[PDB]
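Chains as they are written, first to last, in the UniProt record's numbering: chain A, 2 to 324; chain B, 2 to 324; chain C, 2 to 324; chain D, 2 to 324; chain E, 2 to 324; chain F, 2 to 324. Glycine is no exception: its CB is placed at the ideal position from the N, C-alpha and C atoms. Each remark here refers to the structure printed beneath this line.
Number of protein chains: 6
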Amino acid sequence: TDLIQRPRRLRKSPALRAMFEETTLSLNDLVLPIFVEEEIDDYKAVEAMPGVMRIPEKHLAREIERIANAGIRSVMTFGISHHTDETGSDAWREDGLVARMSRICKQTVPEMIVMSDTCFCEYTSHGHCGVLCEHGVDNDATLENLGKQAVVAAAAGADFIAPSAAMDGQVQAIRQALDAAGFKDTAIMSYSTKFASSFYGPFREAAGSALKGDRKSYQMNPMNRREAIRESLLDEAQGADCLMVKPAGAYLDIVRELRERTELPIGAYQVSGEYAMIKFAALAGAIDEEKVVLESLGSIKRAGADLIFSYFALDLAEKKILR
Amino acid sequence: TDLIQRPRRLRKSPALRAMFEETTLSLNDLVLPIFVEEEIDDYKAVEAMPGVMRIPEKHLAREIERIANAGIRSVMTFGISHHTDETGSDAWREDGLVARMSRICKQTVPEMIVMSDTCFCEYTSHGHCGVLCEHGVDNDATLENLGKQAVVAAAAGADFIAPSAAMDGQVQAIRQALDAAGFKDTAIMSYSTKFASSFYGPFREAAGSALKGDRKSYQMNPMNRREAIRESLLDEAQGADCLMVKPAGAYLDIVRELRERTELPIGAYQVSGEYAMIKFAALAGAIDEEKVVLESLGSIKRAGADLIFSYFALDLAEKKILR
Amino acid sequence: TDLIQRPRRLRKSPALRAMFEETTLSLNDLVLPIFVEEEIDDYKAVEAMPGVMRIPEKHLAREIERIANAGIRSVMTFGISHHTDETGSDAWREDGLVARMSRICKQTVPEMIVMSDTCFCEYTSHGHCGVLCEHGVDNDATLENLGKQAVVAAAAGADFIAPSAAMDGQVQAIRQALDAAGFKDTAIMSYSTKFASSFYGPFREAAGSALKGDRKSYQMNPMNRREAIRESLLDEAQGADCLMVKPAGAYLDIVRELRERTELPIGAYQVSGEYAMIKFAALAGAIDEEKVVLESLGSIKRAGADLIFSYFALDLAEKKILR
Amino acid sequence: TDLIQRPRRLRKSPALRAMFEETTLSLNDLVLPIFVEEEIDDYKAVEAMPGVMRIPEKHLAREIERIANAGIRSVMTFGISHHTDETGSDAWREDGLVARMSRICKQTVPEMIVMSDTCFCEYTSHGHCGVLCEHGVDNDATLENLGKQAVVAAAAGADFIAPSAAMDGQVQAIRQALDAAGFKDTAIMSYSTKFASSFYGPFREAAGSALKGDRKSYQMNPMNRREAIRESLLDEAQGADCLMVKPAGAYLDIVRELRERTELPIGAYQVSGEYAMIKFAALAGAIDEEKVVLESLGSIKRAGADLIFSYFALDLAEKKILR
Amino acid sequence: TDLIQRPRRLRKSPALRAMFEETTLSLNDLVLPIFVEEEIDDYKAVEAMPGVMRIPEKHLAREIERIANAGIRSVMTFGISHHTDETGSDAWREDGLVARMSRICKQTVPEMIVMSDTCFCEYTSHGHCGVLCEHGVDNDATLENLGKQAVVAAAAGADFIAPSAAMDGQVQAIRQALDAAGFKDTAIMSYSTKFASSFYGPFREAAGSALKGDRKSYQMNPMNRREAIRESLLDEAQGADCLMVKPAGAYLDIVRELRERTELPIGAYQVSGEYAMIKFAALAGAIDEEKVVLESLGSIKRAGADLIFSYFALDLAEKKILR
Amino acid sequence: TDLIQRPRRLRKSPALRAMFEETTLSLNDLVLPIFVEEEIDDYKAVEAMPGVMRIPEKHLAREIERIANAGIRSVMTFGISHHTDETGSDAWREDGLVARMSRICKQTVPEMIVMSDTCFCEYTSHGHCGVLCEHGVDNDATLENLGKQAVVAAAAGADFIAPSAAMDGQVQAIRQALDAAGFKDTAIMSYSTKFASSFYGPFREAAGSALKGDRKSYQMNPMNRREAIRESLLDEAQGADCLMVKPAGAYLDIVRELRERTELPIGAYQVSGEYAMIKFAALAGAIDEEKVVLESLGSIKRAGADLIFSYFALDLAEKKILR
Ligand SMILES: *[C@H](CCCCCC(=O)O)CCC(=O)O
Ligand SMILES: *[C@H](CCCCCC(=O)O)CCC(=O)O
Ligand SMILES: *[C@H](CCCCCC(=O)O)CCC(=O)O
Ligand SMILES: *[C@H](CCCCCC(=O)O)CCC(=O)O
Ligand SMILES: *[C@H](CCCCCC(=O)O)CCC(=O)O
Ligand SMILES: *[C@H](CCCCCC(=O)O)CCC(=O)O
Ligand SMILES: [Mg+2]
Ligand SMILES: [Mg+2]
Ligand SMILES: [Mg+2]
Ligand SMILES: [Mg+2]
Ligand SMILES: [Mg+2]
Ligand SMILES: [Mg+2]
Ligand SMILES: [Zn+2]
Ligand SMILES: [Zn+2]
Ligand SMILES: [Zn+2]
Ligand SMILES: [Zn+2]
Ligand SMILES: [Zn+2]
Ligand SMILES: [Zn+2]
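Put into structure tokens, the structure is as follows:
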């Protein structure tokens, strides 16, 4: 044939595939979500998430030095509560689990970037992401409490307040409460586009949320691409330092669309259900885990994300697979 | 709080979420890939692809009829050969397996659109997608061969010749070859953007391809978003009736970018490893299969895919999940 | 002050600046240009290019091995001839210097991607980039010549034929010439947008080009941004596997504009005068070389360059500044 | 050959290269940054910047007539202080060096356009661009003082207040302070995109800033193209009359990107390190200075800049190289 | 009033308006159209074009030298024939007027770029731009003719063949004709978008064209903006080195639209009637000629014109209004 | 030739040129600017504007019935004053000339659309467009008076208040004053992009402005295309019902650019100098007036304007040339 065009020319060797590799993933792209249970003495393995386990609070300090030492520069704290009420009030206690989780990390490793998952689904009796009613999760009652929380997390050392509630106006809510209290420099990692997703399967088992029902009156419809972009652009207008798409894996078209519609940094969360799907298929021997893990993360980065939340971060770090 | 904008108003109930749902998935969207093994007696199920079976050519007509009753409009044919040589010429025999899968399918169900997987990886002794040489798979030697195959497939009744050899110029070669042979009406479903992906883990086992090494000198690098697009657009310029992104699951960005760069129909292949990841996590209790299968497939649709090749298609069809 | 937006939040620490850094430079990005002088005995260092040396063909294999050990993937070959005639035919000899630099390089290190600088300025008696006539450098006489050269280079093992004669139609002529000679697999790295720039000051000395006057009737005007783009796009239409902007340093706008006008890989050449400016100011104590070299190269990358031809590549490599 | 397209057609002669020159640089594009030291009797040559020297205040008046007479229509005043405190308070003194520098210029040459570099790095004990703390340079404490300064500079005759601090909200800060005090017509030349650059080498030697450390908690990361555009678009929203990219030379992709994202005029600063790199390479004989200077300035203009700050402005003016 | 934005700040003085002026006009931008009448003795001034004169071929070399001394780089040649037949073959004679105007010009001033007006309206007995038939001006009969003319012009020394017959396919025909004749280096300045405009009022008198009726079956309708663009883009596809909009004055929209639809140079012709309107109103005291001429020409430049054909060029040049 | 493309096909006949005419001009596009002198008994012909004359106020009523009867549906009133003070205060008198001019028109022809040129250049001693100072025309002092005027014009029946002062914030100024006084429905025809143009020659003679100097500290630079768009987009933000480009003729690139940047209606003013240039060239016999007038107006409409101010409107109307 007479093809002047031969794409295959640059795939002839490993050296050549390397010179022309358009995307590259490194360790500075990963944020390690960490699970921390108060009032427990020994490590609890999560079943649905092969290799992940709850860090007993009394060990938080040791592990976050371990995390820090393998090179992970950021963490997203999730707490498993033992003091859950109707409003989820522990979460905005001067020394609630939320605050302690932050304080212990920044104390133990000063330069470590601490993001605090700011919500109520793990601290509420009902397990919904906020204040519940004769109508459902009340949006504005939840914003007042998201603000109350933000300030104690900020106050306890988190570099980022990550509103995880999917409440309208949560970012603006949190910006003002943080400012008013003298926390003008504390940033917001907005879970801006957070879907009511079936990929969160393993997560209520991992961080013990006590909700039996669903979050579809606040977390958005997986199928709504226009609305997902709109969700994120509203948080930009409310001052978010960073936007986010969760889940990430089945929403890379969403991450790309958004990367072209804002100059802001974009995070993508590779959720428990994605980790679970990788882990359980490698066990059955169906796929090569390291291969599928690097390709998975790389696809996220290719779609446009600046930071990726992944539960594989530490192990990729330590086995020194990502430098 | 004075939020004028409140995304949650349209999420209040199931009726409102349905009124406003942006993307809807149907069975008209699904193409079912089928594996037929010649010269065997009973169905041989695939290990890494739980619930998937290798059909014995002797039941293929019983089967095409069952798929047809299910509501399914299209199938993609993949053959497991017993007559594998160095060039894989069972593929281009007037009566090779390839030609027999189409004629059986087309003969049993004349309404069925049969898409013929056009390659050599399952028919060569060495497992590569074509002619091997002292330097690698020869592009142009394989092109002449793909042509011979396409014409035997057309003549056997296949409505779509789908080149999966990831060879440069394949659409052009197949297009000429088909016109020259009086099949100017036979369409081409190009696997235009075909990545050298690790999500094909369970396919060497499912398809029975002999290959030991890698397909990186022809199948393209996962990280190259710009190249991905170039690949498909070169195929549009070559006359492909339909373009395709494969794998699809971790390439939703690619799907969306390409939807915006062409007016042509786009197919998306939810590959074997994707099928396996959902099965095993489901088996291991970590996720709700129905909810993940539906969400994964609809995501592919939301990103711009016109047609989605899925192994869950019959099951979704018969259980009447998608109409 | 009530600033909702505060860019500084993500600049507070080294850890945050790294999390959020948009562009990262690596050694995979660098191509090392090498000068080999035939018929000489010891290395002859270049005066205007402090630390750069003319390699004696008799050590080229010792050297390609050293570069190779450094981590370097690619080199661009420039030859200093002793056999210079009016058409510069040492360039198109089956055994000319051009063909010997490739074969030595390719023979010593078969993994090395050797890019062959394809021109006549270092091989003609008069120093021009081709055939001279009663009116100037003849475009089409030089095209036939570039073709002969490309084929001897391919046959010597060069993986890339890089036409630097700034002649109209060169990619097409070289592409045909290479296909006709059974090198349909040999790629073309076109110096597509090649400016008649004063940053090449130290190159007549480094390369030993005989030219006394100017190269303005073929190399293009620095001020023409629209022409710059036209130049490269004409080369994409002619089949170049890769495009290039040269010089790169003072043409970062050109790099960005072109990144937005093509999906093809783009190279950027940090020319001799750029190398010299950084050396001498560094020597004269005015700047920190490491910090300026790294920032200059990353800037090239930030603007859209896929590959950057730099004389600092080995030094950056061995001192292990870039991995 | 059969090329209908021959770009070379318009490069046949100097007359032709001229008719078709797309960009043109003149003297009205240059702003001359001038150095003025109080309490000194004789001119101080800067070492790192060959040909530049501090103007003793007692001579300011003579030189600015000289500047004005060669045709330079604008100046950017930089002061070398002898009264540096912790807050850098001299800079907002009714008759600080800042005010005197302006007053003396507008008095001496009424129609001369005076821009006043508004910052504190030259007037502070520590040499940081503002009010320093137990946390670092305090952003809002610095804005109150940037405003205080602006008003005395305005009051003393500067046509432009050029905030050089890289403090968030500095432009809005300065707009209000200027308005409130009756300086509604005094314009702001915002250093909107000002990187923490290694090209500023020679500058702490030239304007005596007493900082030992770096400005990376406020001046932005050289590698962040999206953020650089964002920085500039915020100052547009805050009322800046003019935007700016500093440094300019290795950031022409940035100047271009920005020229396409706003209708505002854009300045580009060719910093001390760029001047130094040109000057020291010409001395070593590596490049032709006039050639590299005009091409350097021309590239800046080509990228999209309306005004260029260059230390070569006066000498190009006088040697009558730019009219 | 609290206007943050105040456009007037940069209009306060002549110095500021000059600093910020977006478009600057020069003599390098001007092409001077010249009318040479063969077989006559003294200059014959044109009535409707006050100050414009028909040059007697016997002084053309005295004149080309005067224009040349003025600073003028280019001229467009228009001939007033005494040998007018039905096909206008004095135009394609080895020694016709057309060929003599170029050779005289090129012989007297070899630096001069001579653009040859390529048509038949001044050479045919009936005044039409080509061959007349029982149905109108024959497109293809005129194409063969334009070809013969272009080759005699090239051979006479003209650097630009400018087809003004408004015939379909003219660039292609002239391009082939010129290449075939070994003038692959002769450029083409196409009057690409040439309107059937009433601003040519004074040209039948100035050029001495015999036509009585209209040129609407070939010259295009003034109101068709979309067609205007199609016209020029078809000429870019045909290889024109330069495109043109004519008339220019009342087509500034066309100029801007086309600048945005091509990267090619664009010429703009300020036609005779435009020249006349400015003269007579000036004579009748209604306007200041210098100020209207300068503003009109700069407007053409602001709209995107690279080159402007103006009858005021020598006058502006000698009086030294534009340098 | 083999051109599949023949643009000439649709220009074969007058019927065909008509079916395919892209733009069309009718009478509903014209606004007739009318001149009205108070305290005079007989009509005053303007010299610089052949055919235009001042309407003595005592006849306004008769002529506006005449205007109305030929079909002109809108007028722009300009007054020649006999009571000119320093602030131009007559213009905001309950019964100033401004008010009377409006009142008399709406009284005499109710459905006639009356636009009131809102400025002070005809009512001031100095003739500048507002309040003059030790600094020049004071911007905000003028806005207070533009508002005062607006309300009496509104109050006296004008459908449009057309701020002609080129004062920053004039549209917002006028919106509020009109609202506050209960004139929420009175529209603003903003002279949004009004250049300091040399085409206004005949106008100070036509409406007796007593200014000797120029308006370049407020009317914008003819050469600033970016700024012209910016000027107009600010008036959109301030509530203008309609935008405008004046002059129109040499600024059609500006009208086009703007038509693509807003959804608002756009007016274009064919100024006195344009009329003058048409009129005086037709007298000399250089052009056909009706031809050049219709092509002139048509070009304006083609560039994108919705309404055109033309002094030829009445005569085109009456001679029934435009229906
Ligand atoms: C949201 C929990 C935060 C995101 C965790 C993502 C993951 O699955 O790893 C609500 C989750 C729920 O349905 O309980
Ligand atoms: C390509 C075979 C078609 C795609 C795989 C279908 C799937 O469900 O995985 C090459 C497969 C290979 O690498 O052998
Ligand atoms: C082109 C030679 C290749 C580019 C120069 C490489 C460098 O580092 O300067 C012509 C050079 C010349 O003008 O002789
Ligand atoms: C910013 C100083 C103003 C810009 C001067 C640019 C130049 O280098 O000429 C801080 C510079 C520092 O690091 O001291
Ligand atoms: C075209 C002649 C070239 C354009 C006119 C130049 C001018 O200044 O008017 C045809 C002219 C005609 O209609 O005869
Ligand atoms: C602005 C007067 C209103 C526009 C009239 C346009 C025309 O010329 O017909 C100031 C004009 C001046 O310079 O006096
Ligand atoms: Mg939201
Ligand atoms: Mg392909
Ligand atoms: Mg070229
Ligand atoms: Mg800023
Ligand atoms: Mg045409
Ligand atoms: Mg305005
Ligand atoms: Zn929650
Ligand atoms: Zn295959
Ligand atoms: Zn060369
Ligand atoms: Zn500073
Ligand atoms: Zn003609
Ligand atoms: Zn006025």
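- By DSSP, does residue 308 of chain B sit in helix, in strand, or in coil? Position 307 of the second sequence, counting from 1, holds the residue named residue 308 of chain B. Correct three-state label for residue 308 of chain B: strand.
Legend entry - Neighbouring residues, chain F, relative to residue 141 of chain E (Cβ below 8 Å): Within the fifth sequence, residue 141 of chain E is the residue found at index 140, counting from 1. Here the neighbours are 2.
Quick one: what does DSSP say residue 31 of chain A is sitting in, helix, strand or coil?
As a position in the first sequence, residue 31 of chain A is number 30, starting the count at 1. In the structure shown, residue 31 of chain A sits in a strand (DSSP, three-state: E or B).
Could you tell me if residue 238 of chain C is buried or exposed, where buried requires 16 or more neighbouring beta carbons within 10 angstroms of its beta carbon? Locating residue 238 of chain C in the third sequence gives position 237, where the first residue counts as 1. With a threshold of 16 other beta carbon atoms within 10 Å, residue 238 of chain C falls short and is exposed.
Next on the checklist: Between F/228, F/260, F/253, which has its C-alpha nearest residue 243 of chain F's C-alpha?
Outcome noted: Here residue 243 of chain F refers to the residue found at position 242 when the sixth sequence is read from its first residue. Distance check between residue 243 of chain F and each of F/228, F/260, F/253 places F/260 closest, using alpha-carbon atoms only.
Listed by chain order, chain C residues near residue 264 of chain E by CB distance under 7 Å: Here residue 264 of chain E refers to the residue found at position 263 of the fifth sequence. Listed by position along chain C, the residues whose Cβ is nearer than 7 Å to that of residue 264 of chain E are 227, 230, 231.
Got a sec, what are the start and stop residues for the beta strand (DSSP E) residue 118 of chain B sits in?
Working through the second sequence from its first residue, we reach residue 118 of chain B at position 117. For residue 118 of chain B, the uninterrupted beta strand (DSSP E) run begins and ends at 114–119, by DSSP.
Can you grab the Cα-Cα spacing for the pair residue 132 of chain D / residue 123 of chain D, in whole Å?
The count along the fourth sequence starts at 1 and reaches residue 132 of chain D at position 131. The count along the fourth sequence starts at 1 and reaches residue 123 of chain D at position 122. Approximately 13 Å, taken between the alpha carbons.
Just the chain D side, please: which residues come within less than 8 Å of residue 296 of chain C by C-beta, in chain order? The residue you call residue 296 of chain C lines up with position 295 of the third sequence. Contact annotation for residue 296 of chain C against chain D: 198, 199, 200, 223, 251 [CB-CB distance below 8 Å, chain order].
Are residue 36 of chain E and residue 207 of chain E closer than 8 Å when you measure CB to CB? Looking up residue 36 of chain E in the fifth sequence gives position 35. Looking up residue 207 of chain E in the fifth sequence gives position 206. With respect to residue 207 of chain E, residue 36 of chain E sits close: the two C-beta atoms are nearer than 8 Å.
Review point. Which residues of chain F have a Cβ atom closer than 8 Å to the Cβ of residue 160 of chain E, listed in chain order?
Key: Within the fifth sequence, the letter at position 159 stands for residue 160 of chain E. Neighbours of residue 160 of chain E across chain F, judged by C-beta separation under 8 Å, do not exist; the nearest C-beta is about 26 Å away.
Worksheet item: Are residue 315 of chain E and residue 71 of chain E touching if we call contact CB-CB under 8 Å?
Response: Residue numbering aside, residue 315 of chain E sits at position 314 when the fifth sequence is read from its first letter. Residue numbering aside, residue 71 of chain E sits at position 70 when the fifth sequence is read from its first letter. Contact: yes.
(Q) Taking only three categories from DSSP, how would you classify residue 66 of chain C? (A) As a position in the third sequence, residue 66 of chain C is number 65, starting the count at 1. Helix at residue 66 of chain C.
Exercise. So with Cβ pairs under 8 Å, would you call residue 235 of chain C a contact of chain D?
Worked result: Here residue 235 of chain C is taken as the residue at index 234 of the third sequence, counted from 1. By this cut-off, residue 235 of chain C is an interface position.
_Pull the bridge partners of residue 86 of chain F from the DSSP assignment, please._
Taking the first residue of the sixth sequence as 1, we reach residue 86 of chain F at position 85. Residue pairing by DSSP places residue 86 of chain F opposite F/125 in a beta bridge.
Please list the partners that residue 144 of chain A has in chain B, where partner means a Cβ-to-Cβ separation under 8 Å. Within the first sequence, numbered from 1, the residue matching residue 144 of chain A stands at position 143. Correct list: 2.
TODO: Using a Cβ cut-off of 7 Å, pull out every chain B residue sitting near residue 177 of chain A, in sequence order please.
DONE: As a position in the first sequence, residue 177 of chain A is number 176, starting the count at 1. Here the premise fails: no neighbours, minimum Cβ distance about 10 Å.
Exercise for review: Return helix, strand or coil for residue 174 of chain C, following the three-state DSSP convention.
Suggested key: Within the third sequence, numbered from 1, the residue matching residue 174 of chain C stands at position 173. Assigned with DSSP and collapsed to three states, residue 174 of chain C falls in helix.
*May I ask you to check if the CB of residue 232 of chain F is nearer than 7 Å to at least one heavy atom of ligand 12?*
Residue mapping note: residue 232 of chain F aligns to position 231 of the sixth sequence, counting from 1. Ligand 12 has a heavy atom closer than 7 Å to the beta-carbon of residue 232 of chain F.
message = Residues in the same chain with beta-carbon distance under 6 Å from residue 204 of chain D, minus the five sequence neighbours each way, listed in chain order, please.
response = Within the fourth sequence, numbered from 1, the residue matching residue 204 of chain D stands at position 203. Closer than 6 Å at the Cβ level, and outside the excluded window around residue 204 of chain D, lie 273.
What do you reckon, are the CB atoms on residue 65 of chain F and residue 76 of chain F nearer than 8 Å?
Reading the sixth sequence from its first residue, position 64 is the one you call residue 65 of chain F. Reading the sixth sequence from its first residue, position 75 is the one you call residue 76 of chain F. Less than 8 Å separates the beta-carbon of residue 65 of chain F from that of residue 76 of chain F.
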